[PDB]
Amino acid sequence: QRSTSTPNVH
Amino acid sequence: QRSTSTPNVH
Amino acid sequence: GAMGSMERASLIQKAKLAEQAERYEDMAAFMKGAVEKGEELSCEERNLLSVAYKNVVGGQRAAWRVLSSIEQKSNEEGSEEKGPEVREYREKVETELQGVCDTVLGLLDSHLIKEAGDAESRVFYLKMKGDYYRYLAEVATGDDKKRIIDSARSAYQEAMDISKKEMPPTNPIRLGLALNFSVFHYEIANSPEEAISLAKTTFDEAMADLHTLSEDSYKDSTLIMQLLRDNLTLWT
Amino acid sequence: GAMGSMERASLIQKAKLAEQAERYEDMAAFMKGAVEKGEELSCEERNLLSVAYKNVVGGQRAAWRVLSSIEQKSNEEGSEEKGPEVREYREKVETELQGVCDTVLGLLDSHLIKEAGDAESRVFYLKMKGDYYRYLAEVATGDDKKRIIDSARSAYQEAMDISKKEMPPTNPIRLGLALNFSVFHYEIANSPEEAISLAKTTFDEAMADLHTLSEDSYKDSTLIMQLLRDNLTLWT
Ligand SMILES: [Ca+2]
Ligand SMILES: [Ca+2]
Ligand SMILES: [Ca+2]
Ligand SMILES: [Ca+2]
Ligand SMILES: [Cl-]
Ligand SMILES: [Cl-]
Ligand SMILES: [Mg+2]
Ligand SMILES: [Mg+2]
Ligand SMILES: [Mg+2]
Ligand SMILES: [Mg+2]
């Protein structure tokens with residue numbers, strides 16, 4: 001399980 | 001809701 | 001073509017890799033390259049070709065529907081004028097979609113269908129021919145719409161006649177063909193009663209042949225039969 | 001460029017349409033065209049640019065991982081030799097990915113970053129520069145890997161320094177930057193302790209500033225804070 005980066009959001 | 005056509009399957 | 005230098009077996013191998021990577025545009029290009037080698041396709045290879053282009057055109061159809069809906073809403077009374085951009089971009093997506101359809105139809109005509117002699121290959125290809133004319137019909141407007149609809153109908157009909165003569169009622173190709181021809185009737189041809197009748201008869205004749213099948217064949221057939229039933233529920 | 005004849009406003013309008021249609025390659029091309037008009041980008045426009053390319057490269061990264069995994073398994077002892085196709089196709093996807101990264105980095109260098117004077121634009125662009133070098137780093141092998149890693153680190157660091165001076169700890173750009181720099185530390189730079197420390201400090205400083213925010217800003221900040229927490233759970 002890879003780390004979460006910033007998703008699409010403003 | 002549109003009709004269902006054949007999906008990807010053998 | 002760009003795939004002309006690659007071995008047929010390599011193209012098939014890479015098509016399978018592209019499928020695993022969900023790279024369907026690549027998968028389609030590899031299978032196009034394979035077809036253009038001029039040899040007939042095995043059952044598995046036919047299915048790779050089908051999956052690849054179905055996924056490509058599927059993306060385009062979904063996009064076209066989004067854009068067409070926006071466009072229709074712009075043309076309602078009370079809607080603010082936003083200039084030509086919506087129409088332009090819908091047209092762009094539409095053109096790309098028609099191009100994909102034309103490519104598939106081209107492969108079928110040059111020369112998959114004419115070399116297909118067994119019922120399983122010939123019905124498969126003729127169903128595809130119906131399908132890609134149906135996708136053209138979805139976006140067609142006018143009298144050319146009529147000739148496109150008739151082309152789809154003709155391909156489906158030829159496929160149906162062969163499948164009825166040569167395949168058991170539970171054959172997945174036969175079932176999938178009948179399913180899609182029923183969708184044609186309902187969604188394209190303004191013939192919901194024909195659609196319902198076809199779906200019902202197809203389902204009932206398959207039901208009565210299930211007893212002949214292995215557990216695995218039974219699973220394959222009943223999967224498609226359920227889609228016929230889902231449509232009949234939607235339609236009635 | 002192919003978008004050179006289209007109005008800037010039309011390109012932005014079509015980018016928004018492409019987003020609705022989930023046509024991210026088109027969205028990226030339209031936003032590239034918009035950037036190449038030479039005017040600075042608004043906040044909304046910066047976000048369109050980011051969404052478009054993130055989705056494109058995201059697809060490529062996912063595909064590359066699939067293919068790289070298959071490739072690694074082919075190189076295990078006991079694995080049957082399957083020829084050069086897996087490596088070739090992984091290389092093809094990799095090249096396309098690097099091309100997308102290079103395109104984005106090119107736009108930032110020509111000339112988005114140099115014209116960006118406000119903290120919100122400058123940090124946004126420098127974070128992007130870090131991100132796209134990080135994506136290059138993911139597929140890089142060797143000493144050029146080192147220079148790519150250092151380029152990512154340098155961009156992130158410059159962005160961090162500005163964000164710390166110029167933005168509140170709850171600013172979503174600041175939070176997203178810290179999140180991604182923490183991912184860099186953990187996933188790329190072999191520095192899990194740096195990653196953890198950064199995530200923890202970022203989270204704690206944001207927590208302490210939440211009281212200053214409106215309900216809507218609070219929702220925006222806490223969304224990203226939760227990702228920091230999700231990573232800390234994964235990492236500890
Ligand atoms: Ca307009
Ligand atoms: Ca033959
Ligand atoms: Ca091989
Ligand atoms: Ca400026
Ligand atoms: Cl367009
Ligand atoms: Cl390749
Ligand atoms: Mg008005
Ligand atoms: Mg048209
Ligand atoms: Mg062996
Ligand atoms: Mg390489």
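A note on names: the letters A, B, ... follow the listed sequences, proteins ahead of strands, and every chain is numbered from 1. Reckoned from all heavy atoms, side chains included, excluding hydrogens, waters and symmetry mates.
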Partners passing ring pair (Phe, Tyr, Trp, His ring centres under 6.0 Å) against C:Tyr132 (at least two apart in sequence or in another chain):
C:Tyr135

Would you mind reporting whether C:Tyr53 and C:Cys101 have side-chain heavy atoms less than 4.5 Å apart?
no

Is C:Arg134 salt-bridged to C:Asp131, cutoff N-O under 4.0 Å?
yes

Would you find a donor on one side and an acceptor on the other, under 3.5 Å apart, between the side chain of D:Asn231 and the backbone of D:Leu179?
no

Presence of salt bridge, D:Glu85 and C:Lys14, under 4.0 angstrom:
no

When you compare the side chains of C:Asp150 and C:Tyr133, does any donor N or O come within less than 3.5 Å of an acceptor on the partner?
no

Is any NZ, NE, NH1 or NH2 atom of the basic residue among D:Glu88 and D:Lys92 found under 4.0 Å from an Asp or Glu carboxylate oxygen of the other?
no

Is C:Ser42 reaching over with its side chain to a backbone N or O of C:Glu45, donor-acceptor style, under 3.5 angstrom?
yes

Would you call B:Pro7 and C:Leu227 a side-chain contact if the rule is heavy atoms closer than 4.5 Å?
yes

Donor-acceptor under 3.5 Å (D:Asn180 side chain, A:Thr6 main chain):
yes

Output, in order, the C-alpha distance, side-chain angles, deciding distance and verdict of ring pair (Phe, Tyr, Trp, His ring centres under 6.0 Å) for D:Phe30 and C:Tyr89.
CA-CA 11 Å; D:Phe30 293 141; C:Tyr89 188 46; 5.3 Å; yes

Can a salt bridge be assigned to the pair D:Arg61 and D:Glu138 using a cut-off of 4.0 Å between side-chain N and carboxylate O?
yes

So, the side chain of D:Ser79 versus the backbone of D:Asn75: is there a donor-acceptor pair under 3.5 Å, distance only?
no

Distance only, no hydrogens: is a donor on one side chain within 3.5 Å (strictly under) of an acceptor on the other, for C:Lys73 and C:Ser69?
yes

Please answer whether the main-chain N or O of C:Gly33 pairs with a side-chain N or O of C:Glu36 as donor and acceptor at a distance below 3.5 Å.
no

Do NZ/NE/NH1/NH2 and the carboxylate oxygens of C:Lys165 and C:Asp161 come within less than 4.0 Å?
no

Do side-chain atoms of C:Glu187 reach the backbone of B:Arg2 as a donor and acceptor pair under 3.5 angstrom?
no

Would you confirm whether C:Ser163, through its side chain, and C:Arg174, through its main-chain N or O, come within 3.5 Å as a donor-acceptor pair?
no

Hey, are D:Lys37 and D:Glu7 close enough for a salt bridge, meaning a charged N less than 4.0 Å from a carboxylate O?
no

So, is the end of the C:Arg229 side chain (NZ or CZ) under 6.0 Å from the ring centre of C:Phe203 and within 45° of the ring's axis?
yes

So that I can tick it off, tell me whether C:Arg8 and C:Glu39 are bridged by a salt bridge, with the cut-off set at under 4.0 angstrom between side-chain N and carboxylate O.
no

